[PDB]
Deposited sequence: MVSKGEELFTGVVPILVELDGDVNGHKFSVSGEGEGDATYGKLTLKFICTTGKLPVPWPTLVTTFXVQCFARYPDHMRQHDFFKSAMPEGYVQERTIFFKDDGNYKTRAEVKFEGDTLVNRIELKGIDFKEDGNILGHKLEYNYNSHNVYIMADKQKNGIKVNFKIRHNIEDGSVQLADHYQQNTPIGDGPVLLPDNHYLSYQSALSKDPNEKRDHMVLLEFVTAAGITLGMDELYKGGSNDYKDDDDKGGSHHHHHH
(Lines of atoms letter the chains of each structure in order from A and count residues from 1; the text may use other names and numbers.)
(Lines give C-alpha, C1' and ligand atoms only; values in the text may rest on other atoms or scores of the structure.)
Protein backbone atom coordinates (compact mmCIF):
# COMPACT_ATOMS: atom_id res chain seq x y z
CA UNK A 1 0.00 0.00 0.00
CA UNK A 2 0.97 3.66 -0.41
CA UNK A 3 1.67 5.57 2.84
CA UNK A 4 -0.03 8.93 3.34
CA UNK A 5 3.25 10.84 3.36
CA UNK A 6 4.36 9.04 0.20
CA UNK A 7 1.17 10.06 -1.67
CA UNK A 8 2.06 13.71 -1.15
CA UNK A 9 5.10 13.27 -3.43
CA UNK A 10 3.77 11.45 -6.49
CA UNK A 11 3.90 14.60 -8.64
CA UNK A 12 5.99 17.75 -8.92
CA UNK A 13 5.88 19.66 -5.64
CA UNK A 14 6.67 23.38 -5.27
CA UNK A 15 9.40 24.18 -2.75
CA UNK A 16 10.10 27.28 -0.65
CA UNK A 17 13.35 27.64 1.27
CA UNK A 18 14.02 30.36 3.84
CA UNK A 19 17.33 30.70 5.67
CA UNK A 20 18.52 33.11 8.34
CA UNK A 21 22.29 32.87 8.87
CA UNK A 22 24.98 34.42 11.05
CA UNK A 23 28.56 33.32 10.44
CA UNK A 24 31.16 34.92 12.70
CA UNK A 25 28.59 37.71 13.21
CA UNK A 26 28.00 38.31 9.49
CA UNK A 27 24.22 38.10 9.27
CA UNK A 28 22.40 37.28 6.07
CA UNK A 29 19.19 35.82 4.75
CA UNK A 30 18.51 33.66 1.71
CA UNK A 31 15.27 32.68 0.04
CA UNK A 32 14.96 29.86 -2.46
CA UNK A 33 12.23 28.55 -4.73
CA UNK A 34 11.88 25.64 -7.09
CA UNK A 35 10.35 22.22 -7.34
CA UNK A 36 11.01 18.64 -6.35
CA UNK A 37 10.05 15.48 -8.20
CA UNK A 38 10.62 12.56 -5.82
CA UNK A 39 9.71 9.97 -8.45
CA UNK A 40 12.97 10.87 -10.24
CA UNK A 41 14.85 12.08 -7.15
CA UNK A 42 15.09 15.50 -8.83
CA UNK A 43 15.39 18.94 -7.15
CA UNK A 44 15.66 22.23 -9.03
CA UNK A 45 16.10 25.34 -6.87
CA UNK A 46 17.24 28.95 -7.19
CA UNK A 47 18.47 30.83 -4.13
CA UNK A 48 18.79 34.59 -3.77
CA UNK A 49 20.61 36.55 -1.10
CA UNK A 50 17.87 38.80 0.19
CA UNK A 51 19.43 40.54 3.18
CA UNK A 52 26.74 39.25 -1.21
CA UNK A 53 26.91 36.12 0.92
CA UNK A 54 29.64 36.11 3.68
CA UNK A 55 30.46 32.50 2.80
CA UNK A 56 30.81 30.56 -0.44
CA UNK A 57 27.54 29.33 -1.96
CA UNK A 58 28.78 25.73 -2.16
CA UNK A 59 29.11 25.60 1.63
CA UNK A 60 25.31 26.04 1.88
CA UNK A 61 24.30 23.37 -0.64
CA UNK A 62 23.73 20.58 1.90
CA UNK A 63 21.67 22.92 4.12
CA UNK A 64 19.46 24.07 1.22
CA UNK A 65 14.40 18.59 1.65
CA UNK A 66 15.48 14.97 1.69
CA UNK A 67 11.82 13.99 1.31
CA UNK A 68 12.56 14.35 -2.46
CA UNK A 69 15.01 11.46 -2.63
CA UNK A 70 14.03 8.65 -4.97
CA UNK A 71 13.49 5.55 -2.82
CA UNK A 72 13.32 2.41 -4.98
CA UNK A 73 10.07 0.46 -4.51
CA UNK A 74 11.98 -2.30 -2.71
CA UNK A 75 13.18 0.22 -0.11
CA UNK A 76 9.85 2.06 0.41
CA UNK A 77 9.64 0.95 4.03
CA UNK A 78 12.91 2.79 4.75
CA UNK A 79 11.87 6.32 3.71
CA UNK A 80 11.71 8.21 7.01
CA UNK A 81 11.46 11.63 5.38
CA UNK A 82 8.22 11.21 3.47
CA UNK A 83 6.65 9.17 6.32
CA UNK A 84 6.88 12.25 8.58
CA UNK A 85 4.76 14.37 6.18
CA UNK A 86 2.73 16.51 6.11
CA UNK A 87 3.32 17.46 9.78
CA UNK A 88 7.01 17.42 9.00
CA UNK A 89 10.33 16.90 10.73
CA UNK A 90 13.05 18.91 12.43
CA UNK A 91 16.52 18.36 10.96
CA UNK A 92 19.67 19.37 12.84
CA UNK A 93 23.28 19.35 11.72
CA UNK A 94 26.72 20.24 12.89
CA UNK A 95 29.09 20.72 9.98
CA UNK A 96 32.75 20.70 10.85
CA UNK A 97 34.95 22.46 8.31
CA UNK A 98 38.35 20.79 8.65
CA UNK A 99 40.93 23.23 10.09
CA UNK A 100 38.24 25.93 10.21
CA UNK A 101 34.89 26.83 11.77
CA UNK A 102 31.60 24.98 12.11
CA UNK A 103 27.99 25.49 11.11
CA UNK A 104 25.13 24.42 13.34
CA UNK A 105 21.81 24.30 11.55
CA UNK A 106 18.19 23.63 12.46
CA UNK A 107 15.47 23.23 9.87
CA UNK A 108 11.78 22.62 10.08
CA UNK A 109 10.57 20.88 6.94
CA UNK A 110 6.82 20.63 6.44
CA UNK A 111 3.94 21.35 4.10
CA UNK A 112 2.14 24.69 4.07
CA UNK A 113 -0.74 23.91 1.74
CA UNK A 114 0.69 22.45 -1.47
CA UNK A 115 4.15 23.92 -0.87
CA UNK A 116 6.97 21.99 0.81
CA UNK A 117 8.75 24.51 3.06
CA UNK A 118 12.34 24.26 4.39
CA UNK A 119 12.80 26.90 7.13
CA UNK A 120 16.36 27.04 8.40
CA UNK A 121 18.48 28.82 10.96
CA UNK A 122 22.24 28.64 10.56
CA UNK A 123 24.92 29.71 13.03
CA UNK A 124 28.59 29.64 12.09
CA UNK A 125 31.38 30.21 14.61
CA UNK A 126 35.18 29.94 14.92
CA UNK A 127 35.96 30.56 11.25
CA UNK A 128 39.35 31.91 10.20
CA UNK A 129 39.24 35.29 8.48
CA UNK A 130 41.83 34.04 5.97
CA UNK A 131 40.45 30.52 5.66
CA UNK A 132 38.77 28.92 2.68
CA UNK A 133 35.27 29.93 3.78
CA UNK A 134 35.46 33.58 4.88
CA UNK A 135 38.30 34.09 2.39
CA UNK A 136 36.11 32.76 -0.42
CA UNK A 137 38.64 30.24 -1.82
CA UNK A 138 36.18 27.52 -2.81
CA UNK A 139 35.39 26.74 -6.46
CA UNK A 140 31.78 27.15 -7.65
CA UNK A 141 31.17 23.46 -8.26
CA UNK A 142 30.20 20.29 -6.42
CA UNK A 143 31.23 16.62 -6.15
CA UNK A 144 29.04 13.54 -5.82
CA UNK A 145 28.76 12.00 -2.35
CA UNK A 146 27.02 9.23 -0.43
CA UNK A 147 24.99 10.09 2.66
CA UNK A 148 24.70 7.37 5.31
CA UNK A 149 21.45 6.88 7.20
CA UNK A 150 20.62 4.83 10.29
CA UNK A 151 17.69 4.59 12.66
CA UNK A 152 17.69 6.26 16.04
CA UNK A 153 14.89 4.28 17.68
CA UNK A 154 15.39 5.84 21.11
CA UNK A 155 14.72 9.18 19.42
CA UNK A 156 11.98 8.06 17.02
CA UNK A 157 14.16 9.39 14.21
CA UNK A 158 17.33 8.94 12.21
CA UNK A 159 20.98 9.77 12.48
CA UNK A 160 22.91 10.65 9.33
CA UNK A 161 26.55 11.28 8.59
CA UNK A 162 28.69 12.03 5.57
CA UNK A 163 31.75 13.94 4.41
CA UNK A 164 31.63 16.66 1.76
CA UNK A 165 34.73 17.51 -0.26
CA UNK A 166 34.71 21.11 -1.50
CA UNK A 167 37.23 21.82 -4.26
CA UNK A 168 39.54 24.68 -3.35
CA UNK A 169 40.77 27.03 -6.08
CA UNK A 170 44.34 25.73 -5.70
CA UNK A 171 43.35 22.16 -6.60
CA UNK A 172 43.13 20.96 -2.99
CA UNK A 173 40.07 19.95 -0.93
CA UNK A 174 38.22 21.53 1.99
CA UNK A 175 36.50 18.76 3.94
CA UNK A 176 33.21 19.38 5.70
CA UNK A 177 32.16 16.56 8.05
CA UNK A 178 28.37 16.45 8.49
CA UNK A 179 26.57 15.03 11.54
CA UNK A 180 22.82 15.05 11.30
CA UNK A 181 19.68 14.05 13.19
CA UNK A 182 16.01 14.14 12.19
CA UNK A 183 12.98 13.95 14.49
CA UNK A 184 9.28 14.01 13.51
CA UNK A 185 7.27 17.07 14.42
CA UNK A 186 4.08 15.01 14.71
CA UNK A 187 3.32 12.43 17.37
CA UNK A 188 2.36 9.78 14.80
CA UNK A 189 4.36 6.80 13.58
CA UNK A 190 7.19 7.16 11.12
CA UNK A 191 9.26 4.65 9.15
CA UNK A 192 12.50 3.85 10.97
CA UNK A 193 14.95 2.53 8.38
CA UNK A 194 17.54 -0.20 8.19
CA UNK A 195 21.02 1.17 7.43
CA UNK A 196 21.28 2.50 3.88
CA UNK A 197 22.56 5.55 1.97
CA UNK A 198 21.49 8.27 -0.46
CA UNK A 199 23.63 8.80 -3.54
CA UNK A 200 23.82 12.54 -4.49
CA UNK A 201 24.99 14.42 -7.52
CA UNK A 202 24.72 18.20 -7.77
CA UNK A 203 25.34 20.90 -10.35
CA UNK A 204 25.69 24.59 -9.56
CA UNK A 205 24.98 27.27 -12.13
CA UNK A 206 24.05 30.92 -12.56
CA UNK A 207 20.99 32.63 -14.07
CA UNK A 208 22.51 34.86 -16.77
CA UNK A 209 19.80 37.50 -16.25
CA UNK A 210 20.03 37.65 -12.46
CA UNK A 211 21.95 40.60 -10.97
CA UNK A 212 21.45 39.66 -7.31
CA UNK A 213 23.93 37.27 -5.65
CA UNK A 214 22.35 33.83 -6.21
CA UNK A 215 22.84 30.15 -6.92
CA UNK A 216 20.98 27.73 -9.14
CA UNK A 217 21.08 24.12 -7.88
CA UNK A 218 20.15 20.98 -9.76
CA UNK A 219 20.36 17.86 -7.61
CA UNK A 220 19.59 14.16 -8.11
CA UNK A 221 19.22 11.90 -5.09
CA UNK A 222 18.65 8.13 -5.02
CA UNK A 223 18.42 5.73 -2.07
CA UNK A 224 20.48 2.53 -2.24
CA UNK A 225 22.42 -0.03 -0.25
CA UNK A 226 19.61 -2.50 0.44
CA UNK A 227 19.12 -5.43 -1.94
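- No C-alpha positions are given in the record for the deposited-sequence stretches 52, 66, 230 to 258.
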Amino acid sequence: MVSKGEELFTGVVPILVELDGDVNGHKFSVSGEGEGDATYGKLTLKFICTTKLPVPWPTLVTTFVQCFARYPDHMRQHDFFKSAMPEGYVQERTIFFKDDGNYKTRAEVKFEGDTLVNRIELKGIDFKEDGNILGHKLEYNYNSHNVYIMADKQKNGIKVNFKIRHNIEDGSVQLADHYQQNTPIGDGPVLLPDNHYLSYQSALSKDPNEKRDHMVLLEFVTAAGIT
From here on, numbers count along this sequence of modelled residues.
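- Look at the mean CA B-factor for 186 to 194 and for 161 to 169 in the entry; the higher one is 186 to 194.
- Just going by the entry, 150 to 158 versus 111 to 119 on mean CA temperature factor gives the higher value to 150 to 158.
- Which of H145, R106, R76, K82 has the largest Cα B-factor in the deposited entry comes down to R76.
- Sort the chain's modelled residues by C-alpha temperature factor and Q174 lands in the middle third, per the entry.
- Sort the modelled residues of the chain by CA B factor and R93 lands in the lowest third.
- When all modelled residues of the chain are sorted by CA temperature factor, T51 is found within the highest third.
- For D207, the recorded CA temperature factor ranks within the highest third of the chain's modelled residues.
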